[PDB]
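I have placed the structure first, in the form of structure tokens, so that the comments after it can refer back to it.
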There are 2 protein chains.
Amino acid sequence: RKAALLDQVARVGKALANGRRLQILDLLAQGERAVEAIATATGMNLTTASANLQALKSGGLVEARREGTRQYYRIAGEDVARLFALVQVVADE
Amino acid sequence: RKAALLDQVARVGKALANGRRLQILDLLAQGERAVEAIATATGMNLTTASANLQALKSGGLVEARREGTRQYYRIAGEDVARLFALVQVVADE
């Protein structure tokens with residue numbers, strides 16, 4: 001069988017399924033940034049930013065680390081960077 | 001600006017955001033099939049299948065043609081076939 005690979009692809013799709021959330025990906029691509037910085041750069045309040053970052057994380061698209069009172073997020077790997085580039089190609093059509 | 005490329009990537013993500021809908025993509029990859037056949041192969045009723053095919057179409061992932069009383073769907077291009085392969089790689093993690 002193919003599953004439960006497809007349920008996780010579904011989680012990838014869910015993570016991608018918000019246009020404003022995709023701004024975060026462009027911002028992190030490339031260079032890890034703190035939540036505060038990501039919120040400020042995208043004009044999102046801290047709650048919205050953190051919710052969207054969680055959504056990206058559940059889809060396996062970003063990783064996080066805690067340093068002091070801050071949290072730093074980055075694009076999870078090259079495959080994710082290739083994926084985000086290619087989905088923009090597909091979208092461009 | 002990047003948009004409204006990102007709103008369409010969001011539509012791509014939305015199309016991908018259903019695990020059972022992704023079975024359709026595996027089925028069509030590769031070889032175009034009629035709605036009836038896709039419904040039967042995936043165990044979906046005709047309404048569910050057609051709804052899921054519409055969802056795939058809005059995300060630019062499949063194309064359709066009408067032949068008589070039937071409708072045939074296929075994967076929209078190579079970039080979509082590469083995309084679906086790569087998202088499974090990303091998901092596999």
Side-chain angles (χ1 to χ4, degrees), chain A residues 1-22 25 51-52 54-62 76-77 79-80 82-93, chain B residues 4-93:
Chain A
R1 84 189 76 91
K2 289 127 40 182
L5 184 69
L6 297 188
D7 287 308
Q8 178 64 18
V9 170
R11 296 184 205 106
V12 177
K14 185 160 191 310
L16 287 170
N18 183 293
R20 205 194 173 186
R21 172 152 75 233
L22 274 25
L25 290 179
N52 277 318
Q54 257 62 256
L56 293 170
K57 201 182 180 289
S58 304
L61 297 186
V62 295
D79 290 352
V80 176
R82 295 189 298 120
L83 170 71
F84 182 51
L86 180 57
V87 78
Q88 292 176 261
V89 170
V90 162
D92 203 70
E93 238 141 336
Chain B
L5 184 69
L6 297 188
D7 287 308
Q8 178 64 18
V9 170
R11 296 184 205 106
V12 177
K14 185 160 191 310
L16 287 170
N18 183 293
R20 205 194 173 186
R21 172 152 75 233
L22 274 25
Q23 297 179 202
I24 293 169
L25 290 179
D26 257 305
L27 187 70
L28 296 178
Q30 189 82 42
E32 145 194 287
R33 312 222 40 187
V35 178
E36 225 199 312
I38 294 161
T40 300
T42 60
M44 294 170 197
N45 65 93
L46 252 20
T47 306
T48 299
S50 173
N52 277 318
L53 288 159
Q54 257 62 256
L56 293 170
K57 201 182 180 289
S58 304
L61 297 186
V62 295
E63 301 234 337
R65 62 177 185 92
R66 183 98 47 179
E67 180 184 299
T69 172
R70 314 211 159 280
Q71 228 187 353
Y72 295 85
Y73 277 81
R74 31 67 135 84
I75 282 172
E78 170 92 314
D79 290 352
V80 176
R82 295 189 298 120
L83 170 71
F84 182 51
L86 180 57
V87 78
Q88 292 176 261
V89 170
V90 162
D92 203 70
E93 238 141 336

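Every chain is numbered from 1, with letters handed out A, B, ... down the list of sequences.
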Pairs involving residues 84-93 of chain A, ordered by first then second residue, that meet salt bridge (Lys or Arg N to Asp or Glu O under 4.0 Å) (sequence neighbours left out) |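 Applying salt bridge (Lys or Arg N to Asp or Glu O under 4.0 Å) to every pair that reaches into residues 84-93 of chain A, excluding sequence neighbours, yields nothing.
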
Can you tell me which residue pairs pass the salt bridge (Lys or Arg N to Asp or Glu O under 4.0 Å) test with a partner in residues 73-86 of chain B, sequence neighbours excluded?
->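 Qualifying pairs: B:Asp79-B:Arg82.
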
Within a strict 4.5 Å, meaning less than it, do heavy atoms of the [X] and [Y] side chains meet?
X       : Y       : answer
A:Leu61 : A:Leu16 : yes
A:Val12 : A:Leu83 : yes
B:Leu28 : B:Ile38 : yes

Output side-chain donor-acceptor pairs under 3.5 Å for residues 1-9 of chain A, partner residues at least two apart or in another chain, one line each.
{"residue": "A:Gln8", "atom": "OE1", "partner": "A:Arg11", "partner atom": "NH1", "Å": "2.6"}

Can you sort out the partners of B:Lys57 under side chain to side chain contact (heavy atoms under 4.5 Å, CB included), two or more places apart, ordered by chain and number?
->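 Counting only residues at least two positions away or on another chain, B:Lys57 forms a side chain to side chain contact (heavy atoms under 4.5 Å, CB included) with B:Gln54, B:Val62, B:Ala64, B:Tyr73.
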
Side chain to side chain contact (heavy atoms under 4.5 Å, CB included) with B:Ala76: which residues, sequence neighbours excluded?
->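 Here the qualifying residues are B:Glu63, B:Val80.
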
Minimum heavy-atom separation for [X] to [Y], with atom names?
X       : Y       : result
B:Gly13 : A:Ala17 : C-CB, 3.9 Å
B:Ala10 : A:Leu22 : N-CD2, 3.8 Å
A:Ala15 : A:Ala55 : CB-O, 3.4 Å

B:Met44 CE to B:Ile24 CD1 distance, which is reported to the nearest 0.5 Å =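 Rounded to the nearest 0.5 Å, the CE-CD1 separation comes out at 4.0 Å.
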
Of all pairs that satisfy side chain to side chain donor-acceptor pair (under 3.5 Å), the ones with a partner from residues 16-30 of chain B, not counting sequence neighbours |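 Counting only pairs at least two positions apart or across chains, the side chain to side chain donor-acceptor pair (under 3.5 Å) contacts touching residues 16-30 of chain B are B:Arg21-B:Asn52.
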
Pairs in or reaching into residues 35-45 of chain B: which pass side chain to side chain donor-acceptor pair (under 3.5 Å), with residues at least two apart or in two chains?
->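 Counting only pairs at least two positions apart or across chains, the side chain to side chain donor-acceptor pair (under 3.5 Å) contacts touching residues 35-45 of chain B are B:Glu36-B:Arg70, B:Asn45-B:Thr48.
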
Quick one: list whatever passes salt bridge (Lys or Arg N to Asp or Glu O under 4.0 Å) with B:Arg66, sequence neighbours left out.
->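 For B:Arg66, no residue satisfies salt bridge (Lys or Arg N to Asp or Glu O under 4.0 Å) once neighbours in sequence are set aside.
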
